[PDB]
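> Please work out how this folds:
(2 chains)
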Amino acid sequence: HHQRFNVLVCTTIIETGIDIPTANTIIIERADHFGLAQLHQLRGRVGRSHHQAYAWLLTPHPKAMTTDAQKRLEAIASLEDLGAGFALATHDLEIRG
DNA sequence: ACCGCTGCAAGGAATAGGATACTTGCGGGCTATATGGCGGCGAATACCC
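Numbering: from 1, shown residues only, chains lettered A, B, ... in the order given. Sharing the structure here:
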């Protein structure tokens, strides 16, 4: 809240989100196993300000990726705009079933 | 000599992956209703006395 330290390493407790407008960038390390809902939620958790945020996504080797991980990543990359969570939920329907 | 604490299991949300019950086509193994040929002849009816 006082922003005395800049970057925080954390597990998925960050997912609920208490985002501060100061935070404007998220870098992940594991991109092979994460649900689309979590991906979009952590994407949109940033912001609450006028300043252009960012979402840097780090992936291990493409060949280490299973088919489903490729589908999730290509789907999340395909859509990037406001009002994207609901449509992504519609797509997740027929995916998770 | 009593207590609040740490810590160590039990039960919820997200992914990969083999086992294994289930379904199917077969291969061999078995059982069980006609219509263009005559001629001769002898027996068997039919007949009308």
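> residues contacting the residue of chain A found nearest DNA strand B?
Per CB to the nearest atom of the strand, residue A:35 is where chain A lies closest to DNA strand B, at 3.4 Å. C-betas here are computed from N, CA, C, even on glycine. Residue A:35 makes contact with residue A:72 under the criterion CB atoms under 8 Å, 6 or more residues apart in numbering.
> From residue A:84, how far off is it?
Going from residue A:35 to residue A:84 by CB to CB, to the nearest Å gives 15 Å.
> Against residue A:53, how distant is the residue of chain A closest to DNA strand B?
Relative to residue A:53, and taking CB to CB, residue A:35 is found at 21 Å.
> For chain A, what lies in contact range of DNA strand B?
Contact residues (CB under 7 Å from any atom of the strand) of chain A with DNA strand B: A:32-35, A:66, A:68-69, A:72, A:96.
> quick one: the helices in chain A?
Assigned by DSSP state H, the helices in chain A fall at A:36-44, A:67-78, A:85-92.
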